[PDB]
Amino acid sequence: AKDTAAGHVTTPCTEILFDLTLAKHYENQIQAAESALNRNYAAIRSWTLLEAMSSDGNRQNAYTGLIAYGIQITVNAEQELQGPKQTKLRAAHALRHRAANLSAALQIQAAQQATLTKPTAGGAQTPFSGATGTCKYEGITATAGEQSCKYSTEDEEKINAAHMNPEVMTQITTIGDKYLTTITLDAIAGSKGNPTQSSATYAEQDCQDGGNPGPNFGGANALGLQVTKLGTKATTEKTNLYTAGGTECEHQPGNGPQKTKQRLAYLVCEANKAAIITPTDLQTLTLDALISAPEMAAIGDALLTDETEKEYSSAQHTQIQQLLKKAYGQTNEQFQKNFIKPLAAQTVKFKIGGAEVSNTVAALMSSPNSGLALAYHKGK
């Protein structure tokens, strides 16, 4: 059940797909948390206008309670996100950098056929100081066409963010370092007769001397070489994320130099361990969620009591809760109606310095006229 995604990595292209998919996963987690913060801050702006439009002291106090609750939880969550966000971005960055690296090495290791140039025949020249004949080539090249990664339906099912929850990941798979450092080639030389400096008929891209030079080794004395294949084998390597106990990161830095895969496993381990805590969605808050939130015990005592310093007893909390039900309604439907539905449904319109505003509450408070509408209504 574990390691479905990493266990499917067998090739440069599938490691690339793993590396990019995991990077986007972490990036998506940061985005979802920040969109949730954005919605919470937009709700607090909406309730700030609604408080400014209340004439009821009790309703006014109810909106102020939601502003105070939302500010506390959203500011706290934004502050809490910063550590995990930076840990997850560090991993995502390295994974995309590794995938780029591999994609470039993939293009070069795909160059598997050589283009021979016209050699020059010689005698005893370095590095063959004991040869009687040498055939010397310069600027042999090997190039492949533009390489692309192509993926099977199985590839995309297994190497998928659905398989990248922290609880199923114990290892990563990487292509071995020689794929990124080493050129590998096969070559063969061939001799015939007595190749010498005179073996200077090159039409066959070799060094043919003096018989009837021509195709294959036509001349009585021929010498040549050919690079017959190039390309380094991509071998796969496994790296563990955790130590024996299953909790600590295995490749913590500071224990000497590390292979690329060891650096990556550490970053992935820490990014998996850095679970983001997404705050409550204010815009879809429910009455029972609100009254059960422990922050609303002290906030309710601040706004809804008449007269507590010390910590609340059981009877004191249940008092605060009934005050909370009075302020916010006794049923969710009332709560939704008077505090949630006004965000999208309540219409606000005004006109001040020659500037007509006609929006609904949440859209207006996230618009260029937002602060002008707050000043207008706090002014009446």
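In case it trips you up, residue 1 is the first one in the sequence shown, and so on.
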property: Deposited residues omitted from coordinates between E307 and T308, as a class; result: 1 to 3
property: Average Cα temperature factor in the PDB entry - higher stretch of 281-289, 249-257; result: 281-289
property: Mean temperature factor over C-alpha atoms, higher-scoring stretch between 345-353 and 63-71; result: 345-353
property: From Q147, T182, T143, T126, residue of greatest CA B-factor; result: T126
property: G83, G231, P195, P119, ranked by C-alpha B-factor: the highest one; result: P195
property: For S46, the third of its chain into which the C-alpha B factor falls; result: middle
property: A200 CA temperature factor, ranked by third within the chain; result: highest
property: Where the record places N212 (Cα B-factor, split into thirds across the chain); result: highest
property: Entry-reported Cα temperature factor of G371, expressed as the chain third it lands in; result: middle
property: For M53, the third of its chain into which the C-alpha B factor falls; result: highest
